[PDB]
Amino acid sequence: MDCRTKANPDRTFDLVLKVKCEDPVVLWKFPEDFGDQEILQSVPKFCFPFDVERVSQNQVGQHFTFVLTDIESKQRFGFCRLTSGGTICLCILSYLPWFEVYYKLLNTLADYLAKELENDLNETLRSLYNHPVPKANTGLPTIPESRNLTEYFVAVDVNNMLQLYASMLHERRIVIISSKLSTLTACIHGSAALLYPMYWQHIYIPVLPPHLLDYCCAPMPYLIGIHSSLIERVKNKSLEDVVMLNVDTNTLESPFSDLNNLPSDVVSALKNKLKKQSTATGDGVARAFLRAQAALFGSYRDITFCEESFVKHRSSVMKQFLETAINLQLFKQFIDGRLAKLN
């Protein structure tokens, strides 16, 4: 009900593909008899979600993670290793949010391919594929260990972190733009995780490929990443009111003033902590946002939830915020989930 991760997926991963740029060509996949043709058609386009013709040669070697959303709104993570020059891409599709593991595994698969070690590769794939999903080694994201938060934090000004946070907490239509897919998907995953223990409940596309640009016209809330080579095409579409952050320049444009709606004491406490040298290592950043979440929604402690008791605070700024907070799908799923488990 609450989280958008599949609890107990059938497999550690479902597909691995090597793809090259008419559509991209699949050079090699495991399992060989992979049968979902819809995924075979879409996954290659998400491997190269940029104007290939124009910026292939600007692409630097990187790792990034697309997400495909299933019928239950659960996330299928596309862990990709894109080679410098952007012509070749290695991709593991999994329900498990194992960014650091799969990034390492992708490098190891790349090295096995270059050293022409086919058996060892098939062995490794097989063994992990048929391995029951392991629940033990057999917690808040920390910097620099968790790659999505770390890259978010190094790439995006503190002020813009605060602005994206506020925009999420008004369930705006958000577009994040970067010239780097690593930074792009990282910003989308890392920004969303800072809602904890709440999760983004609406349209969630870390990177949106060219053939799907029209989806930026969606009227419902959304969090969408676009490579910089596609932003002009998107802008020329007829959009709703949207919040855009261009990470290449740390330029935010929004017709709203959502950050002004958050209580100042919370914002300055969060801001002051984010600028503190020591916050930049270990769980400081996630803890800072965790503490902001507590201050904003903590009063929810008060079996059923009484909206009118929660919305009744003394300060006009906080009362105003709490009255909008009750209309957030992210808050609604959190409360409802917590009412379900309390029994």
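Residue numbers run from 1 along the displayed sequence.
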Residues of the deposited chain absent from the coordinates between residue 21 and residue 22 total 4 to 9
Per the entry, how many deposited residues between residue 238 and residue 239 lack coordinates? The answer is none
Of 110 to 118 vs 176 to 184, the stretch with the larger average CA B-factor in the entry is 110 to 118
Higher of the two mean Cα B-factors (4 to 12, 332 to 340; per PDB record) comes from 332 to 340
One of 47, 55, 60, 295 has the largest Cα B-factor in the entry, namely 295
Residue set 227, 126, 271, 81, per-entry CA B-factor max assigned to 126
For residue 214, the third of its chain by CA B-factor is the middle
Chain-relative C-alpha B factor for residue 220 (record values, thirds): the middle
The third of the chain into which the C-alpha temperature factor of residue 190 falls is the lowest
Of the three thirds of Cα B-factor ranks in this chain, residue 206 occupies the lowest
Entry-reported C-alpha B-factor of residue 248 relative to its chain, by third, is lowest
